[PDB]
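The numbers here are math on the coordinates, done by the rules we state, and not lab data. Neighbour counts run over all protein chains shown; Cβ positions are idealised from the backbone, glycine included.
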Amino acid sequence: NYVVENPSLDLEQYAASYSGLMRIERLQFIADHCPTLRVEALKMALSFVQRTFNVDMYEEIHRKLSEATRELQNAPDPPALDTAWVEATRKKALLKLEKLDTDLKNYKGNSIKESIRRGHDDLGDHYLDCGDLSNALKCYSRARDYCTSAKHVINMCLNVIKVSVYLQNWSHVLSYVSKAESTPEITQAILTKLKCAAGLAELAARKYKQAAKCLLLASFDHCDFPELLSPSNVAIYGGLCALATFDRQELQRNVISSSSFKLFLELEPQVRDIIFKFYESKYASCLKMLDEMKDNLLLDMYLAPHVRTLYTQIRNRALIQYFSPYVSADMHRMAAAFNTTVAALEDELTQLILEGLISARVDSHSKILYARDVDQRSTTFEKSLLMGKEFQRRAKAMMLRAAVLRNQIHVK
Amino acid sequence: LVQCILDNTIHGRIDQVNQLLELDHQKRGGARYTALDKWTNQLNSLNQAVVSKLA
Amino acid sequence: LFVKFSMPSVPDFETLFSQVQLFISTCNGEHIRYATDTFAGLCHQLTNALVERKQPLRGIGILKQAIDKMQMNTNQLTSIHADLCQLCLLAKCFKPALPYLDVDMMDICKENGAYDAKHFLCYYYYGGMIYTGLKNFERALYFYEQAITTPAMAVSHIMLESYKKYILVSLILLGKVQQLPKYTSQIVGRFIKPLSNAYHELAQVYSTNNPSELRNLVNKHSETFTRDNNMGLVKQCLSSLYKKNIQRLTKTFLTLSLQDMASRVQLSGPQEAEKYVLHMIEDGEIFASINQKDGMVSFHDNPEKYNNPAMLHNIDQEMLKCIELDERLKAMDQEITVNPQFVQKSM
Amino acid sequence: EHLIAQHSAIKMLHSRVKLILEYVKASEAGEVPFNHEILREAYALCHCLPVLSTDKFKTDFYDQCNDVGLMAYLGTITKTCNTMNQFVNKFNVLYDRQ
C-alpha cells in the first residue's frame, strides 16, 4: 500500500500553503503516513488544531501525539492536553454559538430569505470551525433554499463543494459544480475556482482524463485557492494526469494553448522537465525523475492510491511511445533507455504485448524488439473464416432449436 | 528523425540496430480492407446478437 | 416380437437374436414408420439387456440398421441414436458412430408421442463423449452445448453430467468456459450452476493461468472429479494449459530459447520444452522452428498468404454449405407459410 | 445478357480469327505466296496468344479472386442471415408467444 519511509519533506511550506480544515486533514495525513517525521507533523498539527475550537478531532490528534511522544521516550534509551482548554473552549464555543443561533432565529421570525441564507452560512462556517461536519451541511442545506441572486447560488455551490470534500461526498461536489457552471450563461474569475473543484473531485474519484482536462483549463489568476488545493499540487496533479492520458500531440497542444499550465509548469520545474523529456524521447531521464517525485507525493492526501496507477500508466505509455517510431529496435538499447535491466524490460515488454497496444514481437535470441506489421488482409481473411464458421455453427444451433420447438420436445 | 516520425511528418520507421531508416511505401492501397473487416465483424456480431435475442 | 420383449418370457437369446437379424435383413418396413413407439421401446429394451450382460459391441451394428430402416431422411434424429451412442461408449468402439454423428439432423421423430426428451438428452451427452474420445473437441463442445440448451422443467443427472463435460471441453479447447447462449433453456440453467461449483472452481483457477496452482487444486478436489467416470480430462486440461501458454509465447516472442521457455512455462528442463513444441507442431498447432545448435526456438507467423487455390476451394465448400443451409431455411419458411395460424392472421 | 455480351465479343474475335485462318489457307494454295508485313505480324501476334505470365501476375490474379470470393461469401452470409431472421420472425408467431 502506502505509509512508506521517505525523508526530505518540507513540513513548513506544505502546512502554510493550505489553510483551514484542508490544512488539518493534510497534516494528519502526512503524520500518519510518514514515520520518523510524525512527531513534528503531529506537534505542528495539534498546535494548529487547538486554534478555532476543535473538539473531537483534537482528542484523536492529542492521543496520537501522546503515543508518539511516548514512543520517543523509549527509543534513545506524552504531552498534556491542558484540559483547561476544554473548559475554556466549550464555554466560549457555546456562548457565541447560541448567540449566533439567537440572532438567526430572529431573522426566521423576520422572514428575510437572504438574511436567513447568510445566517445559516455563518452557522455552517461556525460548525465547521467547531468541528461539526453534518451540522454545517444542514445549515448549508437549508440556506440553499433561501437563494435570491445568481451570486448567492454561486456561494451556495462553493460552500457545498467545500463541505462535501471533507465528507468525501464527491458526487455532491460534481453536481454543484455542474449547477454552478451550466446555469449562469456558460476580472472576477469564478469559473476558474469551479474548474479547480471539479478537477480535484474527479481525481479523487479515480478519474484521470477529465481531471486533467479540467485542471488544464484552470487559470493561474486564481492564485490563492487554499481551502481546497494549493497551486503547487495543482500543477503536479495536472502534469501527472496529462502525462498518463494525453498523447504526445494531445500533450503539446493542451499545455501550450492553456497558457496557464505553462505558469503551472514554472512553479513545478520537475514536472515541466518530465513532459519535455516525454516529448523529446528521453524516457530514461523522464522516468528516473519520476521515481524521485514518487516518494514525495506517495504521502499526498488524494494522490497516494491514484498516482500508483497513474505512474504505472506513465511507464506503459512511455514504452509504447518509445518503440512506436522503430520497426526493429534493439532491446539492449531500449533497456539502456532506462535504469531497468534487460530481463526486467523483457518481462515488461512481454506484459505489454499480452495486454496490447505495442504490436511487437520479442526476438530473445539477439534481444531485439521487432515491431509487428501484419498485413491487414491476412488477419481479415482469417477472422472472416472464423466468423463464417461461427455463423454456420449458430445456424445449426438455431436449426436444432426450431426442430425441437416444432416437435414439442422437452423434459416433463 | 524520432521527432519527425512522432509528429506524423515521416510515414516511416527507424532500424537502430543497423542504423537504418525504413520508410513505408504506402503503395499498398490499403485502409479499405480494414474498414471492410470492421464492417464484417461488427455486423456479423450484430446479426448473431439479434438472432440470439429473437430466438 | 415386441410383445415378446415386453414380457419376461424372452427365450434363448441366441435364437431370439438370430430371428431379429433375419427380420432386419429381410425387412420390408414400409409401414413401421406408423408404429414408431413400439420399435423405439424394442430398441430400448434390447439396449438395456445389452448393458446388463455387458456385450455392447454387437448392438452397434444392429442399431445402425434399425435407424436406417425407420428414419425418413439423413437429417432425422430418433431415440435409437441415444442407445446407439451408449453402446459405442460402453464398447469403446467409436468407429461406426462418427459417420452417423457428423450428420447434423434437425428432425426429431415424436415416436407417435412416445419420444421422451431423455433420449434427446442422452444422445447428445453420449455423442459428445464419443467425440471427446476421438479428440474432436469442437464437435464435442457443440454437442454438449446443444444438450445444455434443452428446455426442461426438471433437473436430471444426465443433464448435470453433460454440463460438467461441457466445462471440461471448453477449458481444453478455448482455454475458458464458453458463455451459455441467450436462446437459453429453463431451470436447468438455474440449478446446475449452484450444482457444479467444483468445475466452475477449476475454471476460475484455469483463468489464473498457473499450472502449479491448478495441479494443487486438482489434488485438493481429486475425489470430486472422480465422480466423472473420467479423470483424463483433467490431465488434458492441464496439457491444454501448457499448450495455451506456449501459444501465448508465439504471439509475444519471435525467437525464444528452450531454457527460457522452460522457465516461463515452468517446465522441468529444455528437453521437455523441445518435446512439447515438437508434439504441437506435429498436431499443426504451432508454426515455429527449433535451433539445437544455439538452444533457440524461433516462432513464426501463419505462413498462409491466402493466395493458393486451397483457400479458394475451402471458401467454395463453405459456399456450398451456406447455400444448402439457405435452401433448408427457405423450405422451412415455406412450410411455416403453409400453417393455419399465419394464414388466419394474414386474412 | 452479361454472358451474352462476352459471348458476342468472343464471336467477333472468332470471326476475325477465322478470317485470318481462311486467308492463310488460301495463301497456302493460291493468293500471294508471301504477304510480307501481314504474315510476319500475324506470326508475332500468335506469339502473344499465350500472353504468358510470371509468379507475380498469377499471385495478383489469385489475390483478386480470393478478395472477390470473400466478398461473395459475405454477401451470401448476409442473404442467409436475412432468411434466418425472416424464419425466426415467423417462428416467434406460429407457436411462440411474447
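Can you run phi through the Karplus equation (6.51, -1.76, 1.60; θ = phi - 60°) for the range B:8-20 and list ³J(HN,Hα) in whole Hz, with x for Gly and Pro?
3J(HN,Hα) across the range B:8-20, in whole Hz: 6, 6, 10, 8, x, 9, 10, 9, 6, 5, 9, 6, 10.
Mind giving me the nanometre distance, one decimal, between the label points for C:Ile32 and C:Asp301, set 7 Å out from Cα along Cα→Cβ?
Output for this residue pair reads 5.8 nm.
Hey, quick one: spin label on A:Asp32, modelled 7 Å out along Cα-Cβ, who in the range A:299-315 has an amide N within reach, i.e. under 16 Å?
In the range A:299-315, the label zone of A:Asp32 (backbone N under 16 Å from the point 7 Å along Cα→Cβ) covers A:299-306.
Most mobile of D:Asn35, D:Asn66, D:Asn85 per a Gaussian network model of chain D (Cα springs, under 10 Å)?
Evaluated over chain D, the most mobile residue of the options is D:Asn85.
Measure nothing but the geometry: give the 0 to 90° angle between the long axis through the Cα atoms of D:37-46 and the longest principal axis through the Cα atoms of chain D, rounded to 10°.
Helix D:37-46 and the main axis of chain D meet at about 30 degrees.
Going through the range C:202-311, which trypsin sites (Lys or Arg not before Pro) have at most 13 other Cβ atoms within 10 Å and a DSSP loop state?
Details: sites: C:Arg215, C:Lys220, C:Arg227, C:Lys235, C:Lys243, C:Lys244, C:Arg248, C:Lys251, C:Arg264, C:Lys275, C:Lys293, C:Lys305; in loops: C:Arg227, C:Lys293, C:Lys305.
Answer in residue order: C:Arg227, C:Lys293.
From the cross-link list B:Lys27/C:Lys305; C:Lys135/C:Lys244; A:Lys367/C:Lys305; C:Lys135/C:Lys235; C:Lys164/C:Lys235, which pairs have alpha carbons spaced over 20 Å apart?
Violating the 20 Å limit, Cα to Cα: A:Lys367/C:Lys305.
Between the DSSP loop rule and a limit of at most 10 other Cβ atoms within 10 Å, which GluC sites (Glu not before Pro) in the range D:1-44 are left?
D:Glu1
Along the range C:79-85, what does the Karplus equation 6.51 cos²θ - 1.76 cosθ + 1.60 (θ = phi - 60°) give for ³J(HN,Hα), rounded to whole Hz, x for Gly and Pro?
6, 5, 5, 4, 5, 4, 5
Starting from one equal scatterer on each C-alpha and no solvent at all, send me the Debye-based log10 I(q)/I(0) for the protein assembly as shown at q = 0.05, 0.09 Å⁻¹, two decimals.
Listed by q, the Debye log ratios stand at -0.54, -1.16.
In whole Hz, what ³J(HN,Hα) sequence does the range C:223-233 give by Karplus (6.51, -1.76, 1.60; θ = phi - 60°), x for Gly and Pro?
Couplings: 6, 4, 7, 6, 7, 9, 6, 7, 9, x, 4 Hz.
Just checking the output field for A:359-371: average partner chain Cβ neighbours within 10 Å of each residue's Cβ?
Averaged over the peptide's residues, the number is 5.
List the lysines whose Cα lies under 23 Å from the Cα of B:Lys53, skipping any in the same chain that are fewer than 8 positions away.
Those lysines meeting the cut-off are A:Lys389, A:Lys396, B:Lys38, C:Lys182, C:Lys193, C:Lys330, D:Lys79, D:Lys90.
Peptide C:300-309: average number of partner chain Cβ atoms within 10 Å per residue?
5
Pick out, in residue order, every one of the chymotrypsin sites (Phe, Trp or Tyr not before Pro) in the range C:42-130 that is DSSP loop and has at most 13 other C-beta atoms within 10 Å; say none if there are none.
Here no loop site has a sparse enough neighbourhood.
If the cut-off is 24 Å between C-alpha atoms, which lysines fall inside it for A:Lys195, apart from same-chain ones fewer than 8 positions away?
A:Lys151, A:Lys162, A:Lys179, A:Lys207, A:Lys209, A:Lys213, A:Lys262
Skipping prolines and chain starts, which residues have an amide H placed within reach, meaning under 5 Å, of the one on B:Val17, given they are 5 or more residues away or on another chain?
Correct list: A:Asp330.
What are the radius of gyration and Dmax of chain B, computed over its Cα atoms and given in Å?
My reading of the Cα-based Rg and Dmax gives 19.8, 60 Å.
Would you work out if the range C:1-115 is rounded, prolate or oblate? Take a ≥ b ≥ c from the square roots of the eigenvalues of the alpha-carbon gyration tensor; rounded if a/c is under 1.5, else prolate when a/b is larger than b/c, oblate otherwise. Intermediate results must be reported in sequence, preceding the final value.
Values: a/c = 1.65, a/b = 1.15, b/c = 1.44.
It comes out oblate by the Cα gyration axes.
Amide H to amide H, which residues 5 or more places from C:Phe253 or on other chains are under 5 Å from it, using H placed in the peptide plane?
Those qualifying (amide H under 5 Å, at least 5 residues apart or on another chain) are A:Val362.
Using only Cα atoms, find the angle between the long axis of helix D:2-29 and the longest principal axis of chain D, and express it within 0 to 90 degrees, rounded to the nearest 10.
Orientation of helix D:2-29: about 20 degrees from the principal axis.
Using a 10 Å cut-off on Cβ to Cβ distances, tally the other chain neighbours for every residue of B:8-16 and report the average as a whole number.
Mean partner-chain Cβ count within 10 Å for B:8-16: 4.
How many angstrom lie between the Cα centre of the range D:14-72 and the Cα centre of the range C:105-174?
Centre-to-centre (Cα) distance: 61 Å.
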